[PDB]
Structures are given as C-alpha cells and as structure tokens.
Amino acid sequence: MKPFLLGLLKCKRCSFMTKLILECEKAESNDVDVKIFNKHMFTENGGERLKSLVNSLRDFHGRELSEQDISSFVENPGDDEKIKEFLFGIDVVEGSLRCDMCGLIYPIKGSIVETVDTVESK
C-alpha cells in the first residue's frame, strides 16, 4: 500500500473519523499517470498525517521528507511534487494500520490492506 491510501481508509468500527497509524515491517520504493490525493487529509493539524507517516517510515530510506517539505506543503498545497513523490512513490509491502481510538488493526500483507481479518491491540 502506498501512503496516499491513508486519506481514503478508515476504521470500520469507529463511527467517526480517527487516525490510522502505520507500522512498517518492509517497504519498497516505486517509480513515480494520474496521482490524485485527498490533500486536506494531509494538511490538517499542520500536516499531522504526514508527520505520522514520516515517523512510521523512518527506517526506510528509499524516499524522504523533511520538516520543511511538510511545512511548505501546508503553506502552498499547490506545490506537492515532493508530497506526491512520498505518498505515491513508496509501497508498504509488510506492516499494519492501527486505529488510534479503538486499536483495531489492519494487517498489510504483500502490499494488500487487510480490513476483513483484523487484529485487536487494546
């Protein structure tokens, strides 16, 4: 799964939006056709989702963002060349997504996000 999916996925149990937190066992770089993402999901709270992703992928060096790259995107969302590259240019093959409110876990296995056979963490 490419990180732009974090704008599109939600916890299937919580009846309100929550934050899905990424844990990454392994990730590969992908070549960066149409790349549309939900910009507001990545701008809110001064780029909280992006900061969360950058932390989740800190042991992955195939692609990178910086404090500035994020702050500047929050300023001028129109300049998302670096954001797109991060959000579309990485693929998590092995890992997990965890709802920050109820702890529900979506495993990521072979790049597929698994939302049917879930795990509890709370």
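Numbering starts at 1 and follows the sequence shown.
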query: Absent coordinates between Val32 and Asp33 - deposited residues affected, binned into four classes; finding: 1 to 3
query: Mean C-alpha temperature factor, higher of 37 to 45 and 71 to 79; finding: 71 to 79
query: Mean temperature factor over C-alpha atoms, higher-scoring stretch between 21 to 29 and 8 to 16; finding: 21 to 29
query: Per the PDB entry, maximal CA B factor within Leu53, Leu65, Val93, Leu87; finding: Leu65
